[PDB]
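To be precise, the following lines are query-v9.pdb, and they hold PDB, C-alpha atoms.
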```
ATOM      1  CA  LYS E   1     172.227 162.309  41.983  1.00  0.00           C
ATOM      2  CA  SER E   2     171.876 165.465  44.264  1.00  0.00           C
ATOM      3  CA  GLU E   3     170.154 168.945  43.888  1.00  0.00           C
ATOM      4  CA  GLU E   4     171.454 170.252  40.473  1.00  0.00           C
ATOM      5  CA  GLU E   5     168.363 170.795  38.125  1.00  0.00           C
ATOM      6  CA  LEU E   6     165.926 171.698  41.024  1.00  0.00           C
ATOM      7  CA  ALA E   7     168.874 174.142  41.809  1.00  0.00           C
ATOM      8  CA  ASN E   8     169.022 175.914  38.322  1.00  0.00           C
ATOM      9  CA  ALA E   9     165.111 175.781  38.508  1.00  0.00           C
ATOM     10  CA  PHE E  10     164.898 177.506  42.023  1.00  0.00           C
ATOM     11  CA  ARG E  11     167.492 180.216  40.902  1.00  0.00           C
ATOM     12  CA  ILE E  12     165.776 180.729  37.413  1.00  0.00           C
ATOM     13  CA  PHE E  13     162.510 181.677  39.361  1.00  0.00           C
ATOM     14  CA  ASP E  14     164.284 183.996  41.954  1.00  0.00           C
ATOM     15  CA  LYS E  15     164.427 187.841  41.230  1.00  0.00           C
ATOM     16  CA  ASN E  16     167.593 189.315  42.996  1.00  0.00           C
ATOM     17  CA  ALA E  17     168.868 186.104  44.777  1.00  0.00           C
ATOM     18  CA  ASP E  18     169.681 186.333  48.566  1.00  0.00           C
ATOM     19  CA  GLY E  19     168.408 182.641  48.376  1.00  0.00           C
ATOM     20  CA  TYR E  20     164.685 182.606  49.580  1.00  0.00           C
ATOM     21  CA  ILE E  21     161.040 182.807  48.175  1.00  0.00           C
ATOM     22  CA  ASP E  22     158.428 185.344  49.630  1.00  0.00           C
ATOM     23  CA  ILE E  23     154.534 185.585  49.277  1.00  0.00           C
ATOM     24  CA  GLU E  24     155.051 188.821  47.114  1.00  0.00           C
ATOM     25  CA  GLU E  25     157.322 187.012  44.488  1.00  0.00           C
ATOM     26  CA  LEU E  26     155.091 183.834  44.243  1.00  0.00           C
ATOM     27  CA  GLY E  27     152.124 185.397  42.249  1.00  0.00           C
ATOM     28  CA  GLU E  28     154.777 186.856  39.757  1.00  0.00           C
ATOM     29  CA  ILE E  29     155.999 183.223  39.043  1.00  0.00           C
ATOM     30  CA  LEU E  30     152.280 182.230  38.303  1.00  0.00           C
ATOM     31  CA  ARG E  31     151.972 185.420  36.025  1.00  0.00           C
ATOM     32  CA  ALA E  32     155.012 187.471  34.766  1.00  0.00           C
ATOM     33  CA  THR E  33     155.945 187.301  30.963  1.00  0.00           C
ATOM     34  CA  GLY E  34     157.945 189.987  28.974  1.00  0.00           C
TER
ATOM     35  CA  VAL S   1     141.180 186.321  39.313  1.00  0.00           C
ATOM     36  CA  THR S   2     143.618 188.327  41.620  1.00  0.00           C
ATOM     37  CA  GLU S   3     146.435 187.981  44.301  1.00  0.00           C
ATOM     38  CA  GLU S   4     143.997 186.906  47.165  1.00  0.00           C
ATOM     39  CA  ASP S   5     143.531 183.492  45.323  1.00  0.00           C
ATOM     40  CA  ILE S   6     147.432 183.241  45.135  1.00  0.00           C
ATOM     41  CA  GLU S   7     147.409 184.224  48.929  1.00  0.00           C
ATOM     42  CA  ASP S   8     144.996 181.274  49.847  1.00  0.00           C
ATOM     43  CA  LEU S   9     147.211 178.702  47.890  1.00  0.00           C
ATOM     44  CA  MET S  10     150.524 179.648  49.733  1.00  0.00           C
ATOM     45  CA  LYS S  11     148.365 179.505  53.002  1.00  0.00           C
ATOM     46  CA  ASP S  12     146.724 176.117  51.927  1.00  0.00           C
ATOM     47  CA  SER S  13     150.051 174.308  50.925  1.00  0.00           C
ATOM     48  CA  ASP S  14     151.954 175.853  53.963  1.00  0.00           C
ATOM     49  CA  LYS S  15     151.117 174.612  57.583  1.00  0.00           C
ATOM     50  CA  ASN S  16     153.550 175.930  60.358  1.00  0.00           C
ATOM     51  CA  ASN S  17     153.116 179.627  59.117  1.00  0.00           C
ATOM     52  CA  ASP S  18     156.739 180.308  57.922  1.00  0.00           C
ATOM     53  CA  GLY S  19     155.230 183.172  55.708  1.00  0.00           C
ATOM     54  CA  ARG S  20     158.733 183.273  54.027  1.00  0.00           C
ATOM     55  CA  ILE S  21     159.976 180.024  52.234  1.00  0.00           C
ATOM     56  CA  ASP S  22     163.510 178.378  51.924  1.00  0.00           C
ATOM     57  CA  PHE S  23     164.670 175.598  49.412  1.00  0.00           C
ATOM     58  CA  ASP S  24     163.373 172.859  51.872  1.00  0.00           C
ATOM     59  CA  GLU S  25     159.711 174.178  51.600  1.00  0.00           C
ATOM     60  CA  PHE S  26     160.411 174.287  47.742  1.00  0.00           C
ATOM     61  CA  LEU S  27     160.922 170.405  47.516  1.00  0.00           C
ATOM     62  CA  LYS S  28     157.499 169.794  49.334  1.00  0.00           C
ATOM     63  CA  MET S  29     155.581 172.824  47.763  1.00  0.00           C
ATOM     64  CA  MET S  30     156.491 171.071  44.385  1.00  0.00           C
ATOM     65  CA  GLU S  31     155.868 167.315  45.317  1.00  0.00           C
ATOM     66  CA  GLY S  32     154.959 166.879  49.074  1.00  0.00           C
ATOM     67  CA  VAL S  33     151.630 165.226  47.923  1.00  0.00           C
ATOM     68  CA  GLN S  34     151.861 161.641  49.450  1.00  0.00           C
TER
END
```
With the file now loaded, output its structure as structure tokens.
Amino acid sequence: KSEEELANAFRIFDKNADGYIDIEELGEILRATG
Amino acid sequence: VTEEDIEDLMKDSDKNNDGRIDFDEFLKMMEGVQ
């Protein structure tokens, strides 16, 4: 009952994966497709 | 409709001005509405 599907969700968003989100990535979540 | 609107939403939903986000911030940026 922990962090597992919000985990796969937070990694599925992340580009190269040191572990964090930045203001430059966040627009590309609300846009990128292809 | 451009990245200044995206810039005001990360600055609206943030408070302490950690202009980079960790997985904490993720849990409340999703559902930290009361």
Quick check on the file I pasted: which residues fall under the PyMOL selection byres ((chain E and resi 19-23) around 10)? Write them as an MDAnalysis selection string. (chainID E and resid 10:11 13:18 24:28) or (chainID S and resid 3 6:7 10:11 18:23 25:26)
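Our summary of the geometry notes that CA of residue 15 (chain S) is positioned 24.1 Å from CA of residue 31 (chain E).
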Work out how far CA of residue 8 (chain S) is from CA of residue 5 (chain E), in Å to one decimal. 28.2 Å
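In this structure, CA of residue 28 (chain S) sits 8.9 Å away from CA of residue 13 (chain S).
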Which centre and edge lengths in Å to one decimal define the box along x, y and z that fits every listed atom of region 7-15 of chain E plus 5 Å per side, as AutoDock Vina command-line options?
```
--center_x 165.8 --center_y 181.0 --center_z 39.7 --size_x 16.5 --size_y 23.7 --size_z 14.6
```
